[PDB]
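Shown next as structure tokens: one chain only, the form deposited in one PDB entry.
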């Protein structure tokens, strides 16, 4: 993912592409949640705007994607008009690397590696001004410091190969470890963790990030190229029109597989099982289309789901984000083989609750109650100013879920089923930790996100949602 340049101005991007690039050379950069794709064509530079309001990356004059990496993979392998993406123009900046610590002292580094690190835990820090230091833990346990010289724009450890960036140096010494005079192997197994905080410390960490949040978010984004898993099933011709956005697809390994279909390609839904890994599970899905309503109810039936979380209005800015897949209050409707009764609707301030009864037609004893929590007050763009509303909603949802024996995964959807959907699920996972363990437990916001993003692509879209998750968790701790 070297083609993303986090601290480059438009003019710097142009000059870099004109002096170090060729035609088909490209880079991506941040602007507010806006990004630019800069490409060289006919010895000139075209800047393509990519917007993200919270739901997806919307490439102007192109399509919608779950991640910038999936956007770059799509155009490199394929469509882009006023433009070919051929050569990634590599960024040499280490700011968004998990191993980079910038201004950090030797003793501070050793203390961090002693308290937080294990065998193979490493970091890169500033030194000899201009130079760098590789501090690595092995194991009795020990910390070893290796001097990184910066010489005429290249990096080296005293001899051998001179590297164009700290990243190339680290990737080379990761695969080819340094061996010490007395036989110690300086294995670079994993970067030092800096984001795992204790829940009681939330407020302090949030004061630090508010000075921050952007840097911590971009380092998480720099890990998305590890999550380019296969999405073949959504790509099939017969599944294309089952997707709200042609390129926003489920991963094959965690997709919900629909069984007992009408006897051609009856097993597909744009949905992924989200299993927290470190008690409830989730199904993150898109808002139904007219042609997927029946599939949606087939999923809820098969997965034994007793609770649905809807985090969008049906219509936002005159565009359908989700079709009404539930009957009118007191009405009964059939969706293929599935029968659904809207028993009662209860209107709260931030949401509506719909009590539904789902059963299979021809078998009356298959009936079960599905509780639909329709969160109605999320802003059209951005995130709520206060997390209180989202928090009371999740507490109601949790308690409903817990009150039902053998209830299947909680169904969560918005429009694409990645941004608001990811935000609510990650808030829910983190608050579940704090509910059963209290203030005395470790929480790691970007690690939980990366774990959820490995199950459905693009979970948690913006820096605004990222910060909102931290505000929600801090608020939940504050009100215990």
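Numbering follows the first chain given and starts at 1.
Another form, the form solved in complex with a small molecule, is not on view; read the next lines as being about it.
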For the small molecule in the bound PDB entry, the stretch among 357-365, 92-100, 328-336, 150-158 with residues bearing a heavy atom within 4.5 Å is 92-100
Under a 4.5 Å heavy atom criterion, is residue 267 part of the interface with the small molecule in the bound PDB entry? no
When the contact criterion is heavy atoms within 4.5 Å, does residue 429 count as touching the small molecule in the bound PDB entry? no
Determine whether any heavy atom of residue 58 comes within 4.5 Å of a heavy atom of the small molecule in the bound PDB entry, and answer yes or no. no
If you check in the bound PDB entry, is residue 192 within 4.5 Å of the small molecule, heavy atoms only? yes
For the three residues 201, 437 and 440, verify that every one has a non-hydrogen atom within 4.5 Å of the small molecule in the bound PDB entry; reply yes or no. no
Assert contact residue (the small molecule, in the bound PDB entry, non-hydrogen atom within 4.5 Å, options 320, 144, 342, 219) equals 219
Quick one: from 48, 433, 45, 451, grab the residue that has a heavy atom within 4.5 Å of the small molecule in the bound PDB entry. 451
